There are 2 protein chains.
Amino acid sequence: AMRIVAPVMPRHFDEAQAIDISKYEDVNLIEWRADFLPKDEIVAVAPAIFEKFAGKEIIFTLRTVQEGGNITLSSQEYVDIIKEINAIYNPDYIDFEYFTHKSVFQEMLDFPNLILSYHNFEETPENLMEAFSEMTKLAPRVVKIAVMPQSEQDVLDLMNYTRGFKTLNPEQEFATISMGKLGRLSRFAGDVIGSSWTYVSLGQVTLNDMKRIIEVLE
Amino acid sequence: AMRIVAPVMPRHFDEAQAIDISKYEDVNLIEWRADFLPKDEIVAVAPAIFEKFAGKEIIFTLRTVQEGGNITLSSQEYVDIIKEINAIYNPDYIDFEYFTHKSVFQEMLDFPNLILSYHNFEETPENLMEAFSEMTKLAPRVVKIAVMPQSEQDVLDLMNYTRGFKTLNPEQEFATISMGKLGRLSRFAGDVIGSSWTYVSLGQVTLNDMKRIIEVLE
Ligand SMILES: [Mg+2]
Ligand SMILES: [Mg+2]
(Lines give C-alpha, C1' and ligand atoms only; values in the text may rest on other atoms or scores of the structure.)
(Ligands and ions follow the chains in the order given, each with its own letter.)
Protein backbone atom coordinates (compact mmCIF):
# COMPACT_ATOMS: atom_id res chain seq x y z
CA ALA A 1 0.00 0.00 0.00
CA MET A 2 0.85 3.70 -0.04
CA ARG A 3 3.76 5.00 2.07
CA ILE A 4 3.85 8.62 3.14
CA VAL A 5 7.30 10.26 3.07
CA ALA A 6 7.68 13.42 5.15
CA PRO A 7 10.77 15.71 4.83
CA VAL A 8 12.95 17.01 7.65
CA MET A 9 15.05 20.01 6.64
CA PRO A 10 16.93 21.75 9.47
CA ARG A 11 19.36 24.48 8.41
CA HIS A 12 21.58 24.07 11.49
CA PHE A 13 22.25 21.93 14.58
CA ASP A 14 20.25 23.98 17.16
CA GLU A 15 17.28 23.64 14.74
CA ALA A 16 17.71 19.86 14.16
CA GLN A 17 17.98 19.26 17.91
CA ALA A 18 14.83 21.36 18.42
CA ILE A 19 12.58 19.41 16.03
CA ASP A 20 9.20 18.26 17.38
CA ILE A 21 8.77 14.53 16.60
CA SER A 22 5.05 14.61 17.47
CA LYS A 23 4.62 16.42 14.11
CA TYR A 24 5.54 13.13 12.40
CA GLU A 25 3.26 10.79 14.41
CA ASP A 26 1.21 9.68 11.39
CA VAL A 27 4.37 8.92 9.36
CA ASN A 28 6.82 5.99 9.53
CA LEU A 29 9.11 7.17 6.71
CA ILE A 30 11.28 10.29 7.12
CA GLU A 31 13.33 12.01 4.43
CA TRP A 32 16.29 13.94 5.76
CA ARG A 33 16.92 16.68 3.20
CA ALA A 34 20.59 17.16 4.09
CA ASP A 35 21.03 19.74 1.29
CA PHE A 36 19.50 22.44 3.57
CA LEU A 37 22.80 22.37 5.52
CA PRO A 38 26.22 23.70 4.53
CA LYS A 39 28.34 20.81 3.34
CA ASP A 40 30.62 21.01 6.39
CA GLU A 41 27.73 20.63 8.88
CA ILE A 42 25.93 17.58 7.42
CA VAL A 43 27.93 14.96 9.33
CA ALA A 44 27.79 17.08 12.54
CA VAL A 45 24.00 17.26 12.26
CA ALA A 46 23.46 13.51 11.53
CA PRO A 47 23.48 12.26 15.16
CA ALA A 48 20.55 14.55 15.98
CA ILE A 49 18.55 13.29 13.00
CA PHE A 50 19.27 9.60 13.61
CA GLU A 51 18.70 9.84 17.35
CA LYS A 52 15.41 11.81 17.02
CA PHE A 53 13.88 9.58 14.35
CA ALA A 54 15.22 6.25 15.71
CA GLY A 55 11.64 4.97 15.75
CA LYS A 56 11.15 5.51 11.98
CA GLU A 57 12.79 4.54 8.75
CA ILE A 58 15.07 7.27 7.45
CA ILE A 59 15.97 8.32 3.91
CA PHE A 60 19.23 10.22 3.42
CA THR A 61 18.72 12.73 0.60
CA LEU A 62 21.35 15.11 -0.60
CA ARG A 63 19.25 16.95 -3.22
CA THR A 64 21.72 18.87 -5.41
CA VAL A 65 21.21 22.10 -7.35
CA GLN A 66 20.70 20.56 -10.85
CA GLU A 67 17.88 18.40 -9.37
CA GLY A 68 16.20 21.37 -7.62
CA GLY A 69 18.05 21.08 -4.30
CA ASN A 70 19.84 23.54 -2.03
CA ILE A 71 23.44 22.40 -2.28
CA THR A 72 26.03 22.62 -5.04
CA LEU A 73 28.38 19.63 -5.11
CA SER A 74 30.71 17.86 -7.54
CA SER A 75 29.68 14.21 -8.12
CA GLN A 76 32.81 13.26 -6.11
CA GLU A 77 31.86 15.41 -3.10
CA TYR A 78 28.33 14.05 -3.44
CA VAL A 79 29.30 10.37 -3.26
CA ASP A 80 31.91 11.01 -0.56
CA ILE A 81 29.31 12.63 1.74
CA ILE A 82 26.78 9.83 1.06
CA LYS A 83 29.38 7.14 1.86
CA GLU A 84 30.55 8.82 5.06
CA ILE A 85 26.99 9.18 6.35
CA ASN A 86 26.32 5.58 5.31
CA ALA A 87 29.46 4.18 7.00
CA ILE A 88 28.54 5.79 10.34
CA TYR A 89 24.70 6.00 10.44
CA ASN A 90 23.26 3.21 8.27
CA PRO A 91 20.29 5.15 6.82
CA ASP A 92 17.46 2.85 5.79
CA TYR A 93 17.47 4.32 2.24
CA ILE A 94 19.73 6.53 0.21
CA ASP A 95 18.62 8.86 -2.57
CA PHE A 96 20.91 8.82 -5.63
CA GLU A 97 20.40 11.31 -8.51
CA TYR A 98 21.02 8.70 -11.18
CA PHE A 99 21.32 10.93 -14.25
CA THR A 100 22.96 13.98 -12.69
CA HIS A 101 25.64 12.02 -10.86
CA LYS A 102 25.93 9.03 -13.21
CA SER A 103 29.74 9.40 -13.35
CA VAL A 104 29.99 8.11 -9.76
CA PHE A 105 27.12 5.58 -9.86
CA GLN A 106 29.69 2.73 -10.15
CA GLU A 107 30.66 3.60 -6.55
CA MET A 108 27.07 2.84 -5.44
CA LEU A 109 26.50 -0.43 -7.35
CA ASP A 110 26.43 -2.77 -4.31
CA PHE A 111 23.73 -0.80 -2.38
CA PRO A 112 20.38 -2.68 -2.11
CA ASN A 113 18.54 0.31 -0.61
CA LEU A 114 18.79 3.07 -3.22
CA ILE A 115 16.09 5.48 -4.30
CA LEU A 116 17.23 6.21 -7.87
CA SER A 117 15.87 9.64 -8.53
CA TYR A 118 15.30 11.94 -11.48
CA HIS A 119 13.70 15.40 -11.48
CA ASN A 120 13.02 17.46 -14.58
CA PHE A 121 11.58 20.92 -13.87
CA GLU A 122 11.55 21.98 -17.54
CA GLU A 123 9.52 19.36 -19.35
CA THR A 124 8.35 15.77 -19.65
CA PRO A 125 11.22 14.52 -21.83
CA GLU A 126 10.75 12.66 -25.11
CA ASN A 127 12.92 9.76 -23.86
CA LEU A 128 11.03 9.37 -20.58
CA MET A 129 10.25 5.69 -21.42
CA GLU A 130 13.98 5.06 -21.82
CA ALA A 131 14.65 6.72 -18.44
CA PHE A 132 12.02 4.44 -16.78
CA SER A 133 13.51 1.41 -18.52
CA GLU A 134 17.14 2.16 -17.54
CA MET A 135 16.21 2.88 -13.91
CA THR A 136 13.80 -0.08 -13.58
CA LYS A 137 16.30 -2.58 -15.10
CA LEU A 138 18.71 -1.65 -12.30
CA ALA A 139 16.02 -2.80 -9.82
CA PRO A 140 16.85 -0.25 -7.09
CA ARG A 141 14.75 -0.17 -3.95
CA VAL A 142 12.67 2.72 -5.43
CA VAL A 143 12.45 4.37 -8.84
CA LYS A 144 11.61 8.03 -8.24
CA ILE A 145 10.72 10.25 -11.19
CA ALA A 146 9.25 13.79 -11.08
CA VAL A 147 8.67 15.61 -14.40
CA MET A 148 7.12 18.96 -15.36
CA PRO A 149 4.15 18.74 -17.77
CA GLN A 150 3.79 21.25 -20.58
CA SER A 151 0.36 19.93 -21.56
CA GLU A 152 -2.43 17.76 -20.15
CA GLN A 153 -1.17 14.85 -22.32
CA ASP A 154 2.24 15.11 -20.56
CA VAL A 155 0.50 14.43 -17.23
CA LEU A 156 -1.26 11.36 -18.70
CA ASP A 157 2.01 10.16 -20.22
CA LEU A 158 3.74 10.12 -16.81
CA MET A 159 0.80 8.16 -15.43
CA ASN A 160 0.72 5.65 -18.30
CA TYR A 161 4.50 5.05 -18.19
CA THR A 162 4.32 4.31 -14.45
CA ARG A 163 1.43 1.86 -14.97
CA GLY A 164 3.18 -0.03 -17.84
CA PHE A 165 6.46 -0.38 -15.90
CA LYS A 166 4.66 -1.37 -12.71
CA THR A 167 2.66 -4.05 -14.52
CA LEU A 168 5.87 -5.45 -16.10
CA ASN A 169 7.79 -5.18 -12.77
CA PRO A 170 5.13 -5.65 -10.06
CA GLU A 171 7.80 -6.03 -7.31
CA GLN A 172 9.35 -2.71 -8.16
CA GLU A 173 8.38 0.19 -5.91
CA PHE A 174 7.82 3.54 -7.73
CA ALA A 175 7.41 7.16 -6.63
CA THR A 176 6.41 9.06 -9.75
CA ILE A 177 4.67 12.42 -10.18
CA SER A 178 3.88 15.07 -12.76
CA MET A 179 4.70 18.39 -11.13
CA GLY A 180 2.98 21.79 -11.04
CA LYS A 181 -0.66 22.72 -10.80
CA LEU A 182 -1.17 20.98 -14.16
CA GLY A 183 0.24 17.66 -12.89
CA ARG A 184 -1.46 17.75 -9.47
CA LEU A 185 -4.00 15.02 -10.42
CA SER A 186 -1.05 12.60 -10.68
CA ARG A 187 -0.34 13.10 -6.97
CA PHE A 188 -3.61 11.38 -6.09
CA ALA A 189 -3.27 8.69 -8.81
CA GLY A 190 -0.71 6.44 -7.06
CA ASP A 191 -3.10 3.54 -6.56
CA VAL A 192 -4.18 3.54 -10.22
CA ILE A 193 -0.72 4.13 -11.69
CA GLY A 194 1.34 1.91 -9.35
CA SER A 195 3.23 4.68 -7.47
CA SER A 196 3.29 3.69 -3.76
CA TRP A 197 5.73 6.20 -2.15
CA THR A 198 4.06 9.57 -1.69
CA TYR A 199 6.16 12.61 -0.83
CA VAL A 200 4.12 15.17 1.11
CA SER A 201 4.50 18.40 3.05
CA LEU A 202 3.41 19.07 6.65
CA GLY A 203 1.79 21.28 -7.19
CA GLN A 204 3.02 20.06 -3.76
CA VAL A 205 0.42 18.58 -1.40
CA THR A 206 0.18 18.44 2.41
CA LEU A 207 -0.53 15.34 4.48
CA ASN A 208 -3.96 16.82 5.30
CA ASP A 209 -4.99 17.17 1.63
CA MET A 210 -3.60 13.71 0.90
CA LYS A 211 -5.69 12.09 3.69
CA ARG A 212 -8.81 13.88 2.43
CA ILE A 213 -8.22 12.59 -1.12
CA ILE A 214 -7.33 9.04 0.01
CA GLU A 215 -10.65 9.23 1.88
CA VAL A 216 -12.71 9.85 -1.27
CA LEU A 217 -10.73 7.31 -3.38
CA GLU A 218 -10.45 4.86 -0.44
CA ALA B 1 -15.13 25.29 -17.44
CA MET B 2 -16.73 22.44 -15.51
CA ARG B 3 -20.54 22.15 -15.38
CA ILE B 4 -22.20 20.29 -12.54
CA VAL B 5 -25.23 18.18 -13.51
CA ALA B 6 -27.57 17.24 -10.67
CA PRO B 7 -30.37 14.60 -11.12
CA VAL B 8 -34.02 14.98 -10.22
CA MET B 9 -35.83 11.65 -9.95
CA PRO B 10 -39.39 11.80 -8.58
CA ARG B 11 -41.35 8.54 -8.70
CA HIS B 12 -44.75 10.27 -8.83
CA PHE B 13 -46.51 13.64 -9.20
CA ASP B 14 -47.03 14.44 -5.46
CA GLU B 15 -43.25 13.86 -5.07
CA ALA B 16 -42.24 16.02 -8.10
CA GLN B 17 -44.49 18.84 -6.89
CA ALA B 18 -42.94 18.54 -3.41
CA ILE B 19 -39.30 18.93 -4.50
CA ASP B 20 -37.20 21.52 -2.65
CA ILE B 21 -35.42 23.74 -5.23
CA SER B 22 -33.11 25.24 -2.58
CA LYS B 23 -31.29 21.86 -2.71
CA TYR B 24 -30.12 22.80 -6.21
CA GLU B 25 -28.93 26.37 -5.49
CA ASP B 26 -25.30 25.70 -6.43
CA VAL B 27 -26.33 24.06 -9.73
CA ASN B 28 -27.53 25.58 -13.03
CA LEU B 29 -27.93 22.28 -14.91
CA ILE B 30 -30.66 19.79 -13.94
CA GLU B 31 -31.11 16.26 -15.26
CA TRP B 32 -34.66 15.00 -15.10
CA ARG B 33 -34.36 11.21 -14.85
CA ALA B 34 -37.82 10.50 -16.28
CA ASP B 35 -37.20 6.72 -16.13
CA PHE B 36 -38.08 6.73 -12.39
CA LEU B 37 -41.72 7.20 -13.46
CA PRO B 38 -44.12 4.70 -15.05
CA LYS B 39 -44.28 5.39 -18.76
CA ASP B 40 -47.86 6.66 -18.54
CA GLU B 41 -47.01 9.34 -15.93
CA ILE B 42 -43.97 10.99 -17.58
CA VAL B 43 -45.93 13.57 -19.59
CA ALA B 44 -48.27 14.23 -16.61
CA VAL B 45 -45.26 14.92 -14.39
CA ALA B 46 -43.42 17.22 -16.90
CA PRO B 47 -45.24 20.49 -16.03
CA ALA B 48 -44.08 20.20 -12.41
CA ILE B 49 -40.47 19.64 -13.47
CA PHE B 50 -40.40 22.45 -16.05
CA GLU B 51 -42.23 24.90 -13.81
CA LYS B 52 -40.04 24.17 -10.72
CA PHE B 53 -36.71 24.38 -12.55
CA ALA B 54 -37.65 27.26 -14.91
CA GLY B 55 -34.60 29.13 -13.62
CA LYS B 56 -32.15 26.39 -14.75
CA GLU B 57 -31.25 24.51 -17.86
CA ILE B 58 -32.95 21.13 -18.00
CA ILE B 59 -31.85 17.81 -19.49
CA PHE B 60 -34.55 15.29 -20.38
CA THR B 61 -33.17 11.80 -19.74
CA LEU B 62 -35.11 8.63 -20.26
CA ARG B 63 -32.45 6.16 -19.05
CA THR B 64 -33.56 2.73 -20.25
CA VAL B 65 -32.89 -0.69 -18.72
CA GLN B 66 -30.04 -1.79 -21.08
CA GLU B 67 -28.18 1.44 -20.16
CA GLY B 68 -28.70 0.96 -16.40
CA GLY B 69 -31.99 2.87 -16.12
CA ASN B 70 -35.34 2.17 -14.48
CA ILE B 71 -37.65 1.86 -17.46
CA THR B 72 -38.07 -0.81 -20.12
CA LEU B 73 -39.04 0.62 -23.52
CA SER B 74 -38.92 -0.35 -27.19
CA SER B 75 -36.83 2.10 -29.27
CA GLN B 76 -40.15 3.26 -30.80
CA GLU B 77 -41.77 4.00 -27.41
CA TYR B 78 -38.50 5.66 -26.39
CA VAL B 79 -38.38 8.11 -29.31
CA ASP B 80 -42.13 8.75 -29.16
CA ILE B 81 -41.91 9.82 -25.48
CA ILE B 82 -38.84 12.01 -26.17
CA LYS B 83 -40.59 13.73 -29.10
CA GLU B 84 -43.81 14.36 -27.19
CA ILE B 85 -41.93 15.91 -24.25
CA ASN B 86 -39.86 17.92 -26.72
CA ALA B 87 -42.88 19.19 -28.70
CA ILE B 88 -44.56 20.51 -25.53
CA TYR B 89 -41.74 21.45 -23.10
CA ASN B 90 -38.63 22.35 -25.11
CA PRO B 91 -36.02 20.81 -22.75
CA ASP B 92 -32.64 22.50 -23.10
CA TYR B 93 -30.95 19.12 -23.79
CA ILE B 94 -32.08 15.62 -24.61
CA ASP B 95 -30.21 12.45 -23.72
CA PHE B 96 -30.16 9.84 -26.52
CA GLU B 97 -28.73 6.33 -25.92
CA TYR B 98 -26.95 6.23 -29.25
CA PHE B 99 -25.96 2.56 -29.39
CA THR B 100 -28.94 1.01 -27.61
CA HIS B 101 -31.55 2.90 -29.63
CA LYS B 102 -29.60 3.37 -32.87
CA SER B 103 -32.54 2.00 -34.93
CA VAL B 104 -34.49 5.22 -34.25
CA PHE B 105 -31.57 7.69 -34.29
CA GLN B 106 -32.61 8.81 -37.81
CA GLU B 107 -35.70 10.33 -36.12
CA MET B 108 -33.40 12.55 -34.00
CA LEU B 109 -30.98 13.73 -36.72
CA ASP B 110 -32.09 17.39 -36.80
CA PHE B 111 -31.68 18.01 -33.01
CA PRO B 112 -28.78 20.39 -32.16
CA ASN B 113 -29.04 19.77 -28.41
CA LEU B 114 -28.43 16.04 -27.95
CA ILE B 115 -26.37 14.34 -25.28
CA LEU B 116 -25.33 11.18 -27.13
CA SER B 117 -24.82 8.68 -24.38
CA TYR B 118 -23.26 5.27 -23.90
CA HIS B 119 -22.94 3.26 -20.67
CA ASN B 120 -21.15 -0.05 -20.36
CA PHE B 121 -21.38 -1.63 -16.90
CA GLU B 122 -19.48 -4.80 -17.89
CA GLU B 123 -16.17 -3.61 -19.28
CA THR B 124 -14.16 -0.98 -21.11
CA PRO B 125 -14.74 -2.30 -24.63
CA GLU B 126 -11.96 -3.04 -27.13
CA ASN B 127 -13.59 -0.75 -29.73
CA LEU B 128 -13.97 2.19 -27.35
CA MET B 129 -11.90 4.43 -29.72
CA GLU B 130 -14.36 3.62 -32.51
CA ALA B 131 -17.29 4.51 -30.21
CA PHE B 132 -15.65 7.90 -29.41
CA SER B 133 -14.97 8.49 -33.10
CA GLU B 134 -18.52 7.65 -34.28
CA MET B 135 -20.13 9.79 -31.55
CA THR B 136 -17.70 12.72 -31.95
CA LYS B 137 -18.05 12.81 -35.78
CA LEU B 138 -21.79 13.37 -35.27
CA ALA B 139 -20.88 16.53 -33.29
CA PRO B 140 -23.80 16.32 -30.81
CA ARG B 141 -24.05 18.90 -28.06
CA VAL B 142 -22.36 16.44 -25.62
CA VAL B 143 -20.62 13.09 -26.00
CA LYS B 144 -21.30 11.14 -22.81
CA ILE B 145 -19.47 7.86 -22.19
CA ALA B 146 -19.35 5.83 -18.94
CA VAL B 147 -17.43 2.52 -18.94
CA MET B 148 -16.57 -0.06 -16.27
CA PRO B 149 -12.82 -0.72 -15.80
CA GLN B 150 -11.57 -4.24 -15.24
CA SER B 151 -8.02 -3.05 -14.56
CA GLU B 152 -6.14 0.15 -13.69
CA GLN B 153 -5.06 0.42 -17.37
CA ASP B 154 -8.77 0.50 -18.38
CA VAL B 155 -9.21 3.63 -16.25
CA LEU B 156 -6.19 5.29 -17.93
CA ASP B 157 -7.49 4.26 -21.36
CA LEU B 158 -10.80 6.08 -20.81
CA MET B 159 -8.84 9.15 -19.73
CA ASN B 160 -6.43 9.03 -22.69
CA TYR B 161 -9.23 8.53 -25.25
CA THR B 162 -11.10 11.57 -23.89
CA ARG B 163 -7.93 13.71 -24.05
CA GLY B 164 -7.08 12.67 -27.67
CA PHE B 165 -10.64 13.34 -28.92
CA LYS B 166 -10.87 16.62 -27.03
CA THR B 167 -7.57 17.84 -28.47
CA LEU B 168 -8.73 16.93 -32.01
CA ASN B 169 -12.22 18.43 -31.41
CA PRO B 170 -11.65 21.26 -28.89
CA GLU B 171 -15.21 22.63 -29.43
CA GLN B 172 -16.78 19.32 -28.54
CA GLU B 173 -18.12 19.03 -25.00
CA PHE B 174 -17.51 15.63 -23.31
CA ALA B 175 -18.80 13.92 -20.16
CA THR B 176 -16.71 10.79 -19.77
CA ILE B 177 -16.01 8.60 -16.74
CA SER B 178 -14.59 5.25 -15.72
CA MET B 179 -17.05 3.78 -13.25
CA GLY B 180 -16.69 1.90 -9.95
CA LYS B 181 -14.29 2.37 -7.09
CA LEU B 182 -11.46 1.50 -9.51
CA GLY B 183 -12.42 4.30 -11.93
CA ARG B 184 -13.14 6.95 -9.28
CA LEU B 185 -9.92 8.91 -10.04
CA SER B 186 -11.39 9.66 -13.49
CA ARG B 187 -14.24 11.57 -11.85
CA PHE B 188 -11.80 14.23 -10.65
CA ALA B 189 -9.76 14.23 -13.90
CA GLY B 190 -12.14 16.29 -16.07
CA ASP B 191 -9.84 19.29 -16.36
CA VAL B 192 -6.87 17.16 -17.42
CA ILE B 193 -8.81 14.85 -19.75
CA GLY B 194 -11.17 17.42 -21.33
CA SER B 195 -14.45 16.21 -19.73
CA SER B 196 -16.41 19.34 -18.70
CA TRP B 197 -19.89 17.99 -17.71
CA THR B 198 -19.77 16.38 -14.29
CA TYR B 199 -22.69 14.26 -13.11
CA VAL B 200 -22.95 14.28 -9.32
CA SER B 201 -25.23 13.20 -6.50
CA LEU B 202 -26.69 15.39 -3.73
CA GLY B 203 -17.91 5.12 -7.79
CA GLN B 204 -20.54 7.92 -7.72
CA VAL B 205 -19.54 11.20 -6.06
CA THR B 206 -21.55 13.88 -4.23
CA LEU B 207 -21.41 17.62 -4.90
CA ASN B 208 -19.66 18.03 -1.52
CA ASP B 209 -16.81 15.62 -2.40
CA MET B 210 -16.52 17.21 -5.85
CA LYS B 211 -16.14 20.74 -4.38
CA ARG B 212 -13.49 19.48 -1.96
CA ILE B 213 -11.51 17.88 -4.82
CA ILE B 214 -11.92 20.88 -7.16
CA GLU B 215 -10.52 22.87 -4.21
CA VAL B 216 -7.26 20.89 -4.06
CA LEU B 217 -6.87 20.76 -7.88
CA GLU B 218 -8.16 24.35 -8.30
MG1 LIG C 1 26.16 -0.30 6.90
MG1 LIG D 1 -39.12 23.14 -29.78
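Observations regarding the packing of helix α5 (residues 152-168) of chain A against helix α5 (residues 152-168) of chain B
Thinking step 1. One way to put it is that α5 of chain A packs onto α5 of chain B with a least axis distance of 11 Å and a crossing angle of 160°. Compared by their axis directions, α5 of chain A and α5 of chain B come out roughly antiparallel. The interaxial crossing formed by α5 of chain A with α5 of chain B has left-handed handedness. Residues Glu152, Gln153, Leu156, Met159, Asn160 and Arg163 of chain A of α5 of chain A pack against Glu152, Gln153, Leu156, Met159, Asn160 and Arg163 of chain B of α5 of chain B.

Regarding the packing of aromatic side chains
Thinking step 1. In the structure shown here, the tally under the stated rule is 26 aromatic pairs over all chains.
Thinking step 2. Ring geometry for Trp32 of chain B against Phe50 of chain B: centres 6.2 Å apart, planes inclined by 85°, an arrangement best described as edge-to-face. Pair noted here: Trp32 of chain B is in strand β2 (residues 29-33) and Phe50 of chain B is in helix α2 (residues 42-52), with a separation of 18 residues, a long-range link.
Thinking step 3. Among the residues examined, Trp32 of chain B registers a relative accessible area of 0% and is labelled buried.
Thinking step 4. Pairing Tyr78 of chain B with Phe96 of chain B gives two aromatic rings, centres 5.5 Å apart and planes at 55°, and the pair type is tilted. In this pair, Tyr78 of chain B is assigned in helix α3 (residues 75-89) and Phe96 of chain B in strand β4 (residues 93-97), connecting sequence segments 18 residues apart. Like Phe96 of chain B, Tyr78 of chain B is buried.
Thinking step 5. An aromatic cluster is present here, built from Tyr78, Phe96, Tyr98, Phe99, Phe105 and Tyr118 of chain A joined pairwise through their rings.
Thinking step 6. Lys144 of chain A extends its terminal NZ or CZ atom over the ring of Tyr199 of chain A, reaching a point 4.5 Å from the ring centre.

With respect to the interface of chain B and chain A
Thinking step 1. With 22 residues of chain B at the interface, the matching set in chain A holds 22 residues.
Thinking step 2. Here chain B packs against chain A, burying approximately 2,200 Å² in sum over the two surfaces, 71% of which is carbon and sulfur.
Thinking step 3. Area buried by chain B at its contact with chain A is led by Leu185, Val192 and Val216 of chain B, which between them contribute 27% of it.
Thinking step 4. Between chain B and chain A we count four salt bridges in total.
Thinking step 5. At the boundary of chain B and chain A, one finds four residue pairs in polar contact.
Thinking step 6. Taken together, the elements giving at least two residues each to the side of chain B that touches chain A come down to α5, α6 (190-193) and α7 (207-217) of chain B.
Thinking step 7. The element that contributes the greatest number of residues to the side of chain B that touches chain A is α5 of chain B, accounting for seven residues.

Observations concerning unusual backbone geometry
Residue and element names in this part refer to chain A.
Thinking step 1. The phi dihedral of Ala139 falls on the positive side, at around 50°, and the residue is not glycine.
Thinking step 2. Tracing the backbone shows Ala139 in the loop between α4 (128-137) and β6 (142-147).
Thinking step 3. For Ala139, a relative accessible area of 54% corresponds to the exposed category.
Thinking step 4. One non-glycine residue, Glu218, lies in positive phi territory at about 65°.

A short note on the sheet that holds strand β3 (residues 57-61) of chain B
Residue and element names in this part refer to chain B.
Thinking step 1. Here we have eight strands laid out as an open sheet, ordered β7-β6-β5-β4-β3-β2-β1-β8, and parallel in their pairing. Strand pairing shows two members of the sheet lacking a second neighbour, β7 (173-178) and β8 (197-199), which therefore form its edges. Going across the sheet, the axis of each strand differs from the next one's by a mean of 25°, ignoring polarity.
Thinking step 2. In this structure, β2 lies alongside β3, joined through five bridges in parallel fashion. Among the inter-strand pairings, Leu29 is bridged to a residue of β3, identified as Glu57.

Cut-offs and rules
- Residues numbered from 1 in each chain as written, not as in the entry; some residues may be left out.
- Chains lettered and ligands numbered in written order.
- Heavy atoms only, no water.
- Axes fitted to C-alpha atoms, helices over the stretch in contact; angles between N-to-C directions.
- Helix = DSSP H or I, 4+ residues; strand = E, 2+ residues; numbered from the N terminus.
- Parallel < 35°, antiparallel > 145°, perpendicular 65-115°, else oblique.
- Left-handed = near helix turned anticlockwise from the far one by under 90°.
- Contact = heavy atoms within 4.5 Å.
- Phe/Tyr/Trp six-rings, centres within 6.5 Å; stacked < 30°, edge-to-face > 60°.
- Buried < 20%, exposed > 50% of the residue type's maximum accessible area, 1.4 Å probe, protein only.
- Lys NZ or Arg CZ within 6 Å of the ring centre and 35° of its normal.
- Buried area = accessible area lost by both parts, 1.4 Å probe.
- Salt bridge = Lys/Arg side-chain N within 4 Å of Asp/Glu carboxyl O.
- Polar contact = N/O pair within 3.5 Å; in protein donor to acceptor, adjacent residues only side chain to side chain.
- Pairing = 2+ DSSP bridges.

Purely spatial values, then, with no claim about function.
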